[PDB]
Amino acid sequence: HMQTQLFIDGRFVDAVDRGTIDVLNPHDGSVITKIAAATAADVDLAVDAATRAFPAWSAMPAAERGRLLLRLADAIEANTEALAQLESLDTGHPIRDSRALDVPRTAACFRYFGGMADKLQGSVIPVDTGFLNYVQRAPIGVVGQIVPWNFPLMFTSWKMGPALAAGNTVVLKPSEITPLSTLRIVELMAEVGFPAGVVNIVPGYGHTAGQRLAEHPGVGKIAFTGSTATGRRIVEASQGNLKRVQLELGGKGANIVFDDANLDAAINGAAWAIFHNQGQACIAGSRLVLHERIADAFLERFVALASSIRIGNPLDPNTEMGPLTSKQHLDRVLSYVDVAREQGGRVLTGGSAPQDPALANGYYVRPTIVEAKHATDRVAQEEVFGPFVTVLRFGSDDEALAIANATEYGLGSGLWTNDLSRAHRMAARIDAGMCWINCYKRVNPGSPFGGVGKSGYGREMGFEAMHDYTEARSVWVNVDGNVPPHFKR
């Protein structure tokens, strides 16, 4: 049985208003299933359940919370193929990706945080004589999490792993475009023994369920991943009760290839950086910044590789690139081909739907490479979020850095060089939360992930995530302080 209902207080249930949403398969636009569609009243029920569960969940020994997460990681791995199939069906990710990347990264992140739960420690502060001052890292309470459609399975672990490990209870609103793997995950949570109310899943529209969750007076923190524009609306919503906010927003990642780069490695790395996940990744290498000396040779080979990518049915293990996750998103991406040409950009390959008649009803676009004239051009500035890379050239390291920092974003970045000093100097100077040298999109559940500036704030992963999901509770005991009276009598 594929689960399709909301999950509130340990049960699968219909939405209060009995609404549904059609969930589509991006390979052919067919209806996979209808899901229950959470609205404000459902979010209220979910927050109520999380509130009731919080005292017992936070009071549970940290090792006990940890153990549940470990059991969940094992269960995810035991269900790898079914979860991969479901994620591919819903998202359009090639089955080879959901098998090799989506499922294992999800399990690995839950396993990490299972081991992390009882490794977060408080502190003892050296203060005045006769005083003891201990500081706990206490959970916040009920945390609300809003997740987009590009890595829905993976994001269950990135969001919930630290939140739960830290002793918070959760209301998570996954994308209504791709909600199916998230409902399976919570089903597994119940199976391994998560208590009722600790995790509540409320798929529904952003403007119904998402808005209520961000505004809710009983929620202590809202975590959001998506567009910079929607990020602003999350911040606006947080004013009501001054809930804490975490934001992972746009990127327009530079992928810089210097003239001493290993071209083999860099060409493959560039293709990985932008075409993996159909470019639907906030850290995609969407700006390919090529040293003038190697640019022609790089592009000859990179264009040939891109043109060869096998586009097709996500469920075929031979498929290398799937469709985009929605029709609207496909049109968004194609529209940027027109934008690019109007500003004198050259389309080196792709920029249209594939020919194959078997793909005619899916949201497919060919890998697209455009060379732009200036780093200020629209396609060099605006997030396309598809398999679409904009090429720029440079001479000096200073030029490469200026290009890298030329946008409104600062999420990921990376560069290919074999010069020791350059690697570290560039990495320090690029405006980004993450910089990959001679690799790209390396993620690890202990390695802090997030942005600077308009790319948001807060970090997923590691001790950083645990810090962001707890609050300092400072306690002072006056043992022998011998404090003189302030008003002497």
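The first residue of the shown sequence is 1; numbering continues from there.
S.K.: If you average the CA temperature factors over each stretch, which comes out higher, 374-382 or 272-280?
M.R.: The entry gives the higher C-alpha B-factor average to 374-382.
S.K.: Please compare 388-396 with 330-338 and say which has the higher mean C-alpha temperature factor in the record.
M.R.: According to the PDB entry, the answer is 330-338.
S.K.: Would you mind checking which of 123, 150, 255, 318 has the top Cα temperature factor in the PDB entry?
M.R.: That would be 318, according to the entry.
S.K.: Which listed residue, 163, 347, 132, 201, has the largest C-alpha temperature factor in the record?
M.R.: Answer, based on the entry's C-alpha B-factors: 347.
S.K.: Among all modelled residues of this chain, ranked by Cα B factor, put residue 70 in the bottom, middle or top third, i.e. lowest, middle or highest.
M.R.: Its C-alpha B-factor, which the entry lists for residue 70, ranks in the lowest third among residues of this chain.
S.K.: Residue 467's Cα B-factor: lowest, middle or highest third of the chain?
M.R.: As the PDB entry reports it, the C-alpha B-factor of residue 467 lands in the middle third of its chain.
S.K.: Thinking about Cα B factors across the chain, which third does residue 55 belong to?
M.R.: Ranked within chain, residue 55 CA B lands in the middle tercile.
S.K.: Compare the C-alpha B factor of residue 2 with those of the other modelled residues in its chain, then answer lowest, middle or highest third.
M.R.: For residue 2, the deposited C-alpha B-factor lands in the highest third.
S.K.: Could you place residue 145 in the lowest, middle or highest third of its chain by Cα temperature factor, using the values in the record?
M.R.: Answer is lowest: the recorded C-alpha B-factor places it there.
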